[PDB]
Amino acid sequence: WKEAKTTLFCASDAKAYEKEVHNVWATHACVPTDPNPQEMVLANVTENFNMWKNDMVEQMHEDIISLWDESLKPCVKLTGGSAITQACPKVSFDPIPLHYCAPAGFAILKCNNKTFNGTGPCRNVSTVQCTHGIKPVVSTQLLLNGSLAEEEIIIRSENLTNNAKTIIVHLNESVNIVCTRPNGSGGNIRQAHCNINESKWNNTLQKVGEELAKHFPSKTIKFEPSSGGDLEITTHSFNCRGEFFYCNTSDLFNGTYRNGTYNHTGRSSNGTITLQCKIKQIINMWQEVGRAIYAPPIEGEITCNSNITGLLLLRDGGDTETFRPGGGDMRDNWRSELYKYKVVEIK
C-alpha cells in the first residue's frame, strides 16, 4: 500500500444521444462506468489520508478545465497579452457524475469512517476501482449538488489555527436553493433571485455554529458577508443552464451564534431568504487569470433548483470569531467530494 501518483482516468454514464455538453465531453473523454463495481472492505488495515495534498484533486481540476474549454466557449477570451475569438452559441448545460478510476497496478482506497475529517488515520478502509459519481459543479461560497455527511456536520480544514486555510463545512442535511431568472411588467433579462427556506437555514447555521464552537470554544461565533474583491468570490456564483449567475449573499451569511443559540440577522420575508442575482456576460475566469465574454442570456425562464450540501468559510484574523463565505479555488470543490479517496500502488 505505497502511496503514489499516476494518471487516473474518468468514467461516466454519459449517454450517446445527449446533446448536453457534459455528456458530449464525457463520451469522448471518459469510458463507460460499471453497473456493479466491486468494493472490498478491509476492517483490519488503517491508512492515513490527506484531502489537502491529494493528487486526485489536481487531475480532476485539469479534466474540468478541459471540459469547460470544449463546452462553454466564450465569444472572446482576454488573457493579458492575447484575445481569442470563437463562435459562442448557446448550449445545453447540466453537470453529470464523473467517476475517477485507478489504472491497473494501482487501487483507490476509500475511507469508510463516516465522521472522517479528511486528515490522519482512518480505521475502516475499503478498496474500489472507481470513486463514486461526482458532479463537477463550479461555484463559490455554497457547495451545490454534492453528497451529504452521513452522521453529524463535519468541519474540514488543513489547519483550523491558520485562518488563511479554507474551511469546508460538510452538511448532513441538504438545504434547498431555487434560483430563477423569470420569463413594463418585465424590465431586465439579467435579474434573477434565489429563495432559501429561512427556518431550514436558521437550523443549519445553528448546527454549523455548534460544530464551529467545539473548535473555537468560549467565543461568540459570527457569520458575516464576504470581504470585498472579485465579484465571483464576493457573491455566490455558479453556472445555471449555461448562464453565469452572481447571487448576493449578504442576507444569508449574517447571524450570530451566542450561548448555544443561533440568531439570524439577515433580512427575510415570508419565512424566506431572498438573494438578488445578476446574470453577467464579462466573467473573471477560474481556469486561469483573465476574462471571458459571453452572449446575453437565453429567452424564457431559467431555473436551477439545487441542494446546498456544503459551505466554504474563512475565519477573520485577529475576543470573538467571525466567519465569511469563501471559495474561488475550485480544487476545494473537488476536495469536498474526493476527501475520502486516495490512490495507492499495489506493488
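So that there is no doubt, residue numbering starts at 1 and follows the sequence shown.
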Q) How many missing residues of the deposited sequence lie between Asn183 and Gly184 in the entry, grouped as none, 1 to 3, 4 to 9, or 10 or more? A) 4 to 9
Q. Does the deposited sequence hold unmodelled residues between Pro296 and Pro297, and if so, how many: none, 1 to 3, 4 to 9, or 10 or more?
A. none
Q) Which has higher Cα B-factors on average according to the PDB entry: 16-24 or 326-334? A) 16-24
Q: Using only the Cα atoms and their B-factors as the entry lists them, report which of 122-130 and 246-254 averages higher.
A: 122-130
Q.
Highest Cα temperature factor in the entry, among the options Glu232, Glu158, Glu152, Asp94: which one is it?
A. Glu152
Q) Hey, out of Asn145, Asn112, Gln141, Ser227, whose CA B-factor is highest in the deposited coordinates? A) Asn112
Q: For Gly80, return the chain-relative third of its C-alpha B-factor as stated in the PDB record: lowest, middle or highest.
A: middle
Q: Among all modelled residues of this chain, ranked by Cα B factor, put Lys53 in the bottom, middle or top third, i.e. lowest, middle or highest.
A: highest
Q: Consider only the C-alpha atoms of the modelled residues in this chain, order them by B-factor as the entry records it, and name the third containing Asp316: lowest, middle or highest.
A: middle
Q. Considering only modelled residues of the same chain, in which third does the CA B-factor of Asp63 rank: lowest, middle or highest?
A. lowest
Q: Divide the modelled residues of the chain into thirds by Cα B-factor and specify which third, lowest, middle or highest, holds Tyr100.
A: middle
